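> As input, take target.tsv (TSV, C-alpha atoms and all ligand atoms):
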```
chain	number	residue	atom	x	y	z
A	1	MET	CA	-132.85	150.53	24.23
A	2	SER	CA	-133.03	153.54	21.84
A	3	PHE	CA	-129.28	152.77	22.31
A	4	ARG	CA	-129.33	149.37	20.60
A	5	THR	CA	-129.09	150.60	16.94
A	6	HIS	CA	-125.87	152.54	17.97
A	7	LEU	CA	-124.44	149.47	19.90
A	8	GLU	CA	-125.10	147.33	16.78
A	9	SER	CA	-123.31	149.88	14.47
A	10	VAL	CA	-120.13	149.68	16.63
A	11	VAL	CA	-120.06	145.83	16.58
A	12	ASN	CA	-120.75	145.68	12.78
A	13	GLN	CA	-117.93	148.26	12.12
A	14	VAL	CA	-115.20	146.71	14.35
A	15	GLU	CA	-113.40	143.43	13.43
A	16	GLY	CA	-113.19	141.08	16.46
A	17	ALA	CA	-115.99	143.00	18.32
A	18	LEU	CA	-117.70	140.66	20.91
A	19	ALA	CA	-120.19	143.18	22.35
A	20	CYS	CA	-121.02	146.86	22.84
A	21	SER	CA	-123.06	147.74	25.95
A	22	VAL	CA	-124.40	150.57	28.12
A	23	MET	CA	-123.61	149.92	31.82
A	24	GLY	CA	-124.65	151.85	34.99
A	25	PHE	CA	-122.12	152.80	37.73
A	26	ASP	CA	-124.68	150.99	40.02
A	27	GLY	CA	-123.26	147.90	38.20
A	28	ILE	CA	-126.52	147.07	36.31
A	29	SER	CA	-126.31	146.63	32.49
A	30	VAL	CA	-128.94	148.66	30.55
A	31	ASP	CA	-128.52	147.43	26.94
A	32	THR	CA	-126.15	145.36	24.73
A	33	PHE	CA	-125.66	144.12	21.18
A	34	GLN	CA	-123.51	140.93	20.98
A	35	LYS	CA	-121.92	139.43	17.83
A	36	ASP	CA	-123.98	136.25	17.02
A	37	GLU	CA	-122.23	135.24	13.80
A	38	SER	CA	-119.27	133.26	15.16
A	39	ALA	CA	-115.96	134.72	13.86
A	40	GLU	CA	-113.35	132.43	12.24
A	41	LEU	CA	-111.88	132.17	15.83
A	42	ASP	CA	-113.30	130.41	18.97
A	43	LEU	CA	-114.73	133.25	21.15
A	44	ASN	CA	-115.51	130.95	24.15
A	45	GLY	CA	-112.09	131.63	25.78
A	46	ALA	CA	-112.77	135.37	25.15
A	47	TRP	CA	-116.30	135.13	26.73
A	48	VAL	CA	-114.80	133.49	29.88
A	49	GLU	CA	-112.25	136.38	30.25
A	50	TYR	CA	-114.99	138.95	29.34
A	51	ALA	CA	-117.18	137.62	32.24
A	52	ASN	CA	-114.11	137.73	34.54
A	53	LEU	CA	-113.38	141.39	33.48
A	54	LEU	CA	-116.86	142.77	34.45
A	55	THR	CA	-116.08	143.72	38.13
A	56	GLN	CA	-112.76	145.35	37.13
A	57	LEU	CA	-114.42	147.27	34.21
A	58	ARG	CA	-116.98	148.95	36.53
A	59	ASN	CA	-114.16	149.89	38.99
A	60	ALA	CA	-111.84	151.50	36.34
A	61	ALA	CA	-114.86	153.16	34.60
A	62	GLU	CA	-115.38	155.31	37.77
A	63	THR	CA	-112.34	157.38	36.57
A	64	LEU	CA	-114.47	158.44	33.47
A	65	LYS	CA	-116.49	160.76	35.80
A	66	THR	CA	-113.45	163.12	36.26
A	67	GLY	CA	-113.06	165.99	33.72
A	68	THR	CA	-109.60	164.89	32.43
A	69	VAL	CA	-110.38	161.18	31.71
A	70	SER	CA	-112.30	160.62	28.40
A	71	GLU	CA	-111.46	156.89	27.63
A	72	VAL	CA	-110.51	153.82	29.82
A	73	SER	CA	-109.36	150.33	28.67
A	74	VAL	CA	-109.17	147.20	30.92
A	75	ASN	CA	-107.60	144.35	28.93
A	76	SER	CA	-106.77	140.66	29.39
A	77	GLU	CA	-104.70	138.25	27.24
A	78	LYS	CA	-107.83	137.45	25.06
A	79	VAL	CA	-110.16	140.51	25.50
A	80	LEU	CA	-109.65	144.26	24.92
A	81	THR	CA	-112.24	146.81	26.23
A	82	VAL	CA	-112.73	150.54	25.52
A	83	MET	CA	-115.05	152.60	27.75
A	84	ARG	CA	-116.42	156.19	27.44
A	85	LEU	CA	-118.79	158.27	29.63
A	86	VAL	CA	-122.48	158.58	28.47
A	87	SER	CA	-123.85	160.44	31.58
A	88	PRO	CA	-123.08	160.65	35.33
A	89	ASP	CA	-124.96	157.29	35.72
A	90	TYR	CA	-123.97	155.40	32.49
A	91	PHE	CA	-120.91	154.42	30.43
A	92	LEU	CA	-120.43	152.64	27.11
A	93	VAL	CA	-118.26	149.43	26.91
A	94	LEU	CA	-116.85	147.86	23.71
A	95	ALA	CA	-115.26	144.37	24.18
A	96	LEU	CA	-113.25	142.82	21.31
A	97	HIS	CA	-111.09	139.70	20.80
A	98	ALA	CA	-107.32	140.37	21.35
A	99	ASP	CA	-106.74	139.78	17.54
A	100	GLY	CA	-109.45	142.38	16.64
A	101	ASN	CA	-108.92	145.99	15.43
A	102	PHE	CA	-108.29	147.90	18.74
A	103	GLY	CA	-107.47	151.24	16.98
A	104	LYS	CA	-110.70	151.04	14.94
A	105	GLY	CA	-112.65	150.08	18.13
A	106	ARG	CA	-111.33	153.24	19.92
A	107	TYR	CA	-112.18	155.45	16.88
A	108	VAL	CA	-115.70	153.93	16.37
A	109	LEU	CA	-116.62	154.23	20.10
A	110	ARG	CA	-115.48	157.92	20.14
A	111	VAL	CA	-117.78	158.64	17.09
A	112	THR	CA	-120.71	156.60	18.57
A	113	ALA	CA	-120.61	157.96	22.18
A	114	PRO	CA	-122.22	161.36	21.24
A	115	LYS	CA	-125.12	159.53	19.46
A	116	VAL	CA	-125.70	157.34	22.57
A	117	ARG	CA	-125.54	160.50	24.79
A	118	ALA	CA	-128.28	162.01	22.53
A	119	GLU	CA	-130.68	159.03	23.19
A	120	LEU	CA	-130.93	159.81	26.97
B	1	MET	CA	-83.31	152.53	39.50
B	2	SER	CA	-81.90	149.33	37.91
B	3	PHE	CA	-85.23	150.02	36.10
B	4	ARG	CA	-84.13	153.26	34.43
B	5	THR	CA	-82.30	151.70	31.39
B	6	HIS	CA	-85.59	149.77	30.60
B	7	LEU	CA	-87.76	152.96	31.10
B	8	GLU	CA	-85.40	154.83	28.72
B	9	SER	CA	-85.65	152.03	26.04
B	10	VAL	CA	-89.49	152.33	26.00
B	11	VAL	CA	-89.41	156.16	25.57
B	12	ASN	CA	-86.69	155.98	22.83
B	13	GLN	CA	-88.71	153.27	20.93
B	14	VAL	CA	-92.18	154.94	21.08
B	15	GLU	CA	-93.06	158.07	19.01
B	16	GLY	CA	-94.87	160.68	21.17
B	17	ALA	CA	-93.67	159.02	24.44
B	18	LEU	CA	-93.65	161.63	27.32
B	19	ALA	CA	-92.48	159.33	30.14
B	20	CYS	CA	-92.17	155.73	31.34
B	21	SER	CA	-92.28	155.19	35.13
B	22	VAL	CA	-92.48	152.61	37.92
B	23	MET	CA	-95.20	153.57	40.45
B	24	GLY	CA	-96.18	151.97	43.81
B	25	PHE	CA	-99.84	151.20	44.72
B	26	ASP	CA	-98.98	153.27	47.87
B	27	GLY	CA	-99.04	156.15	45.30
B	28	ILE	CA	-95.25	156.89	45.52
B	29	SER	CA	-93.25	156.98	42.23
B	30	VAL	CA	-90.05	154.86	42.31
B	31	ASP	CA	-88.32	155.74	39.00
B	32	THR	CA	-88.97	157.54	35.65
B	33	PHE	CA	-87.34	158.43	32.35
B	34	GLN	CA	-88.91	161.53	30.69
B	35	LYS	CA	-88.40	162.69	27.06
B	36	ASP	CA	-86.15	165.85	27.28
B	37	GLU	CA	-85.75	166.51	23.55
B	38	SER	CA	-88.91	168.52	22.82
B	39	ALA	CA	-90.94	166.86	20.02
B	40	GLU	CA	-92.11	168.92	17.01
B	41	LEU	CA	-95.35	169.46	19.10
B	42	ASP	CA	-95.89	171.54	22.32
B	43	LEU	CA	-96.03	168.95	25.17
B	44	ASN	CA	-97.02	171.53	27.86
B	45	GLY	CA	-100.78	170.90	27.34
B	46	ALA	CA	-99.97	167.15	27.54
B	47	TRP	CA	-97.94	167.62	30.81
B	48	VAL	CA	-100.91	169.50	32.39
B	49	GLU	CA	-103.30	166.58	31.52
B	50	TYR	CA	-100.60	164.02	32.55
B	51	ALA	CA	-100.39	165.67	36.05
B	52	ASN	CA	-104.23	165.68	36.21
B	53	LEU	CA	-104.34	161.92	35.26
B	54	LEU	CA	-102.05	160.74	38.15
B	55	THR	CA	-104.80	160.10	40.82
B	56	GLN	CA	-107.01	158.29	38.26
B	57	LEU	CA	-104.05	156.16	36.98
B	58	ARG	CA	-103.29	154.78	40.48
B	59	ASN	CA	-107.04	153.98	40.99
B	60	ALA	CA	-107.50	152.08	37.66
B	61	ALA	CA	-104.07	150.35	38.08
B	62	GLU	CA	-105.50	148.51	41.18
B	63	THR	CA	-107.38	146.26	38.66
B	64	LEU	CA	-103.91	144.98	37.42
B	65	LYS	CA	-103.63	142.93	40.68
B	66	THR	CA	-106.46	140.54	39.55
B	67	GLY	CA	-105.42	137.44	37.50
B	68	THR	CA	-107.52	138.33	34.40
B	69	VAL	CA	-106.36	141.98	33.91
B	70	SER	CA	-102.90	142.28	32.22
B	71	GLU	CA	-103.06	145.91	30.79
B	72	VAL	CA	-104.98	149.14	31.77
B	73	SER	CA	-105.19	152.47	29.85
B	74	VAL	CA	-106.52	155.78	31.31
B	75	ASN	CA	-106.61	158.40	28.54
B	76	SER	CA	-107.46	162.09	28.11
B	77	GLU	CA	-107.88	164.24	24.96
B	78	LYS	CA	-104.05	164.93	24.86
B	79	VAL	CA	-102.45	161.98	26.82
B	80	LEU	CA	-102.66	158.18	26.40
B	81	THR	CA	-101.34	155.84	29.16
B	82	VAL	CA	-100.63	152.07	29.19
B	83	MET	CA	-100.04	150.29	32.52
B	84	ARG	CA	-98.83	146.72	33.36
B	85	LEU	CA	-98.17	144.92	36.69
B	86	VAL	CA	-94.48	144.61	37.84
B	87	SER	CA	-95.16	143.08	41.34
B	88	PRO	CA	-97.91	143.19	44.00
B	89	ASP	CA	-96.49	146.63	45.08
B	90	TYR	CA	-95.43	148.18	41.69
B	91	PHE	CA	-96.77	148.89	38.19
B	92	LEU	CA	-95.24	150.35	35.03
B	93	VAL	CA	-96.83	153.46	33.35
B	94	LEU	CA	-96.14	154.69	29.79
B	95	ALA	CA	-97.62	158.17	28.97
B	96	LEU	CA	-97.61	159.40	25.34
B	97	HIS	CA	-99.01	162.39	23.41
B	98	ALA	CA	-102.46	161.67	21.80
B	99	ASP	CA	-100.77	161.90	18.29
B	100	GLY	CA	-98.10	159.30	19.32
B	101	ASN	CA	-97.95	155.58	18.35
B	102	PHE	CA	-100.40	153.96	20.89
B	103	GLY	CA	-100.17	150.46	19.29
B	104	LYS	CA	-96.35	150.56	19.41
B	105	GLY	CA	-96.51	151.86	23.05
B	106	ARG	CA	-98.70	148.84	24.06
B	107	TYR	CA	-96.34	146.39	22.24
B	108	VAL	CA	-93.11	147.95	23.67
B	109	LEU	CA	-94.46	148.02	27.28
B	110	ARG	CA	-95.54	144.32	27.00
B	111	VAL	CA	-91.94	143.39	25.86
B	112	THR	CA	-90.30	145.64	28.55
B	113	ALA	CA	-92.46	144.61	31.57
B	114	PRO	CA	-90.70	141.18	32.02
B	115	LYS	CA	-87.25	142.92	32.03
B	116	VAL	CA	-88.46	145.40	34.72
B	117	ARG	CA	-89.94	142.45	36.73
B	118	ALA	CA	-86.44	140.82	36.56
B	119	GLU	CA	-84.74	143.91	38.19
B	120	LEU	CA	-86.69	143.49	41.50
C	1	NA	NA	-114.59	162.39	32.00
C	2	NA	NA	-103.10	140.92	36.63
```
Any chance you could give the structure as structure tokens?
Ligand code: NA
Ligand code: NA

Amino acid sequence: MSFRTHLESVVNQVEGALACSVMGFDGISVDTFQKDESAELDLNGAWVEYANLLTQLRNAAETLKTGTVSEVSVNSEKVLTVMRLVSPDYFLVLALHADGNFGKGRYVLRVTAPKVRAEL
Amino acid sequence: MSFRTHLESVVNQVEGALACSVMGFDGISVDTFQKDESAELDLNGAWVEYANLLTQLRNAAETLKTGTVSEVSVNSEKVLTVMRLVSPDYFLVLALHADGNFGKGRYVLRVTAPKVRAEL
């Protein structure tokens, strides 16, 4: 959890950001920072779909290990995700509300991923 | 290829659009419309990465079959993709150049997917 300052930066910078996490390909979460301060909206619908996305995220994130693939997104009606490779064992996941800033999420995760890779 | 008029609409509407296709989960492509009119840019780098993305696309697109997942993106440095479910056997793939309009691609594919589902 040297990671956690970086995970917090992403969530603070991205409107509609629910959570930023480091996840293993073994399917075990390593670290997270979740938005606490409730947004104008009701996130509870988004949390339900976020929980329901977790199996699918880990499956799609496997494609990050190939040389060509640098970014994967697995999205529902209420939740958008962006994922990037950290190491052969770990990837970074940003979840945001469907009304959040997806373009800014993609940009902020791309800037942050090198800093997370440096904490290993 | 009742599909092809819909595939063409997507490519015409989206700046940086390389191709819009219908793909089976059996891994066999059904129909496509590719941009012919070369864009200001040199697409050849993008075509190389597009060809290299095809195995990974079909793998991530499997997650579209679950109820929660409505949209998947598998992206490289030069190519962005958006995918949506058409039927249990088929999905729709939009590929665009990294400098294209990703937000407009996502919007246009979401509008078009119902029309493609209607052609089955
Ligand atoms: Na990769
Ligand atoms: Na689905």
> Counting all atoms listed in the file, figure out which residue out of B:11, B:118, B:98, B:74 gets nearest to ligand NA 1 (chain C).
B:74
> Would you superpose chain B on chain A, least squares on all C-alpha atoms in order, and hand back the fitted chain as a CSV table (one decimal) with C-alpha atoms, in the coordinates of the input?

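Result went into result-v3.csv, see below:
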```
chain,number,residue,atom,x,y,z
B,1,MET,CA,-132.9,150.5,24.2
B,2,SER,CA,-133.0,153.5,21.8
B,3,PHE,CA,-129.3,152.8,22.3
B,4,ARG,CA,-129.3,149.4,20.6
B,5,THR,CA,-129.1,150.6,16.9
B,6,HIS,CA,-125.9,152.5,18.0
B,7,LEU,CA,-124.5,149.5,19.9
B,8,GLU,CA,-125.1,147.3,16.8
B,9,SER,CA,-123.3,149.9,14.5
B,10,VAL,CA,-120.1,149.7,16.6
B,11,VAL,CA,-120.1,145.8,16.6
B,12,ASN,CA,-120.7,145.7,12.8
B,13,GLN,CA,-117.9,148.3,12.1
B,14,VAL,CA,-115.2,146.7,14.4
B,15,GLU,CA,-113.4,143.4,13.4
B,16,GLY,CA,-113.2,141.1,16.5
B,17,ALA,CA,-116.0,143.0,18.3
B,18,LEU,CA,-117.7,140.7,20.9
B,19,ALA,CA,-120.2,143.2,22.4
B,20,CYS,CA,-121.0,146.9,22.8
B,21,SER,CA,-123.1,147.7,26.0
B,22,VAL,CA,-124.4,150.6,28.1
B,23,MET,CA,-123.6,149.9,31.8
B,24,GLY,CA,-124.7,151.8,35.0
B,25,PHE,CA,-122.1,152.8,37.7
B,26,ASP,CA,-124.7,151.0,40.0
B,27,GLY,CA,-123.3,147.9,38.2
B,28,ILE,CA,-126.5,147.1,36.3
B,29,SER,CA,-126.3,146.6,32.5
B,30,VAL,CA,-128.9,148.7,30.6
B,31,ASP,CA,-128.5,147.4,26.9
B,32,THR,CA,-126.1,145.4,24.7
B,33,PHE,CA,-125.7,144.1,21.2
B,34,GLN,CA,-123.5,140.9,21.0
B,35,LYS,CA,-121.9,139.4,17.8
B,36,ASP,CA,-124.0,136.2,17.0
B,37,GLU,CA,-122.2,135.2,13.8
B,38,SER,CA,-119.3,133.3,15.2
B,39,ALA,CA,-116.0,134.7,13.9
B,40,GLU,CA,-113.4,132.4,12.2
B,41,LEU,CA,-111.9,132.2,15.8
B,42,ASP,CA,-113.3,130.4,19.0
B,43,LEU,CA,-114.7,133.2,21.1
B,44,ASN,CA,-115.5,130.9,24.1
B,45,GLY,CA,-112.1,131.6,25.8
B,46,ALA,CA,-112.8,135.4,25.2
B,47,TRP,CA,-116.3,135.1,26.7
B,48,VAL,CA,-114.8,133.5,29.9
B,49,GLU,CA,-112.3,136.4,30.2
B,50,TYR,CA,-115.0,139.0,29.3
B,51,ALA,CA,-117.2,137.6,32.2
B,52,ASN,CA,-114.1,137.7,34.5
B,53,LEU,CA,-113.4,141.4,33.5
B,54,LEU,CA,-116.9,142.8,34.5
B,55,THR,CA,-116.1,143.7,38.1
B,56,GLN,CA,-112.8,145.4,37.1
B,57,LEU,CA,-114.4,147.3,34.2
B,58,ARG,CA,-117.0,148.9,36.5
B,59,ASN,CA,-114.2,149.9,39.0
B,60,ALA,CA,-111.8,151.5,36.3
B,61,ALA,CA,-114.9,153.2,34.6
B,62,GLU,CA,-115.4,155.3,37.8
B,63,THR,CA,-112.3,157.4,36.6
B,64,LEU,CA,-114.5,158.4,33.5
B,65,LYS,CA,-116.5,160.8,35.8
B,66,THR,CA,-113.4,163.1,36.3
B,67,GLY,CA,-113.1,166.0,33.7
B,68,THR,CA,-109.6,164.9,32.4
B,69,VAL,CA,-110.4,161.2,31.7
B,70,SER,CA,-112.3,160.6,28.4
B,71,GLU,CA,-111.5,156.9,27.6
B,72,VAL,CA,-110.5,153.8,29.8
B,73,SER,CA,-109.4,150.3,28.7
B,74,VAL,CA,-109.2,147.2,30.9
B,75,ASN,CA,-107.6,144.4,28.9
B,76,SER,CA,-106.8,140.7,29.4
B,77,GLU,CA,-104.7,138.2,27.2
B,78,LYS,CA,-107.8,137.4,25.1
B,79,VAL,CA,-110.2,140.5,25.5
B,80,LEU,CA,-109.7,144.3,24.9
B,81,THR,CA,-112.2,146.8,26.2
B,82,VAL,CA,-112.7,150.5,25.5
B,83,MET,CA,-115.0,152.6,27.8
B,84,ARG,CA,-116.4,156.2,27.4
B,85,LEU,CA,-118.8,158.3,29.6
B,86,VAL,CA,-122.5,158.6,28.5
B,87,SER,CA,-123.8,160.4,31.6
B,88,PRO,CA,-123.1,160.6,35.3
B,89,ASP,CA,-125.0,157.3,35.7
B,90,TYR,CA,-124.0,155.4,32.5
B,91,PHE,CA,-120.9,154.4,30.4
B,92,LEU,CA,-120.4,152.6,27.1
B,93,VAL,CA,-118.3,149.4,26.9
B,94,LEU,CA,-116.8,147.9,23.7
B,95,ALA,CA,-115.3,144.4,24.2
B,96,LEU,CA,-113.3,142.8,21.3
B,97,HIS,CA,-111.1,139.7,20.8
B,98,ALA,CA,-107.3,140.4,21.4
B,99,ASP,CA,-106.7,139.8,17.5
B,100,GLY,CA,-109.4,142.4,16.6
B,101,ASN,CA,-108.9,146.0,15.4
B,102,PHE,CA,-108.3,147.9,18.7
B,103,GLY,CA,-107.5,151.2,17.0
B,104,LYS,CA,-110.7,151.0,14.9
B,105,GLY,CA,-112.7,150.1,18.1
B,106,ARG,CA,-111.3,153.2,19.9
B,107,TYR,CA,-112.2,155.4,16.9
B,108,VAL,CA,-115.7,153.9,16.4
B,109,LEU,CA,-116.6,154.2,20.1
B,110,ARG,CA,-115.5,157.9,20.1
B,111,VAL,CA,-117.8,158.6,17.1
B,112,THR,CA,-120.7,156.6,18.6
B,113,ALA,CA,-120.6,158.0,22.2
B,114,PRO,CA,-122.2,161.4,21.2
B,115,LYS,CA,-125.1,159.5,19.5
B,116,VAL,CA,-125.7,157.3,22.6
B,117,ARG,CA,-125.5,160.5,24.8
B,118,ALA,CA,-128.3,162.0,22.5
B,119,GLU,CA,-130.7,159.0,23.2
B,120,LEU,CA,-130.9,159.8,27.0
```
> May I ask you to extract the residues of chain A within 7 Å of chain B, using all atoms listed in the file, and to give them as number ranges by chain?
A: 49, 52-53, 56, 60, 63, 68-77
> Could you give me, as a PyMOL selection string, the residues within 10 Å of residue 10 (chain B), counting only C-alpha atoms and dropping anything in the same chain fewer than 6 positions from it?
chain B and resi 17+19-21+33+94+104-105+107-109+111-113
> Tell me, in Å to one decimal, how far CA of residue 13 (chain B) is from CA of residue 101 (chain B).
9.9 Å
> Return as AutoDock Vina command-line options the box centre and box size in Å, one decimal, for an axis-aligned box around all listed atoms of region 68-85 of chain A padded by 5 Å per side.

```
--center_x -111.7 --center_y 151.2 --center_z 28.7 --size_x 24.1 --size_y 37.4 --size_z 17.5
```
> CA of residue 87 (chain B) and CA of residue 5 (chain B), how far apart in Å?
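Going from CA of residue 5 (chain B) over to CA of residue 87 (chain B), I get 18.4 Å.
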> When distances are computed from all atoms listed in the file, which of A:25, A:1, A:30, A:110 shows the smallest separation from residue 58 (chain A)?
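Selected residue with least distance to residue 58 (chain A): A:25.
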> Please list as a list in words every residue within 9 Å of residue 88 (chain B), counting all atoms listed in the file and excluding residues in the same chain fewer than 3 positions away.
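Close residues of residue 88 (chain B): residues 24, 25, 65, 85 and 91 of chain B.
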> If I take CA of residue 84 (chain A) and CA of residue 47 (chain B), how far is one from the other in Å, to one decimal?
22.0 Å
> Would you please work out which residue, of B:114, B:86, B:31, B:100, is nearest to ligand NA 2 (chain C) when using all atoms listed in the file?
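Going through B:114, B:86, B:31, B:100 one by one, the smallest distance to ligand NA 2 (chain C) is for B:86.
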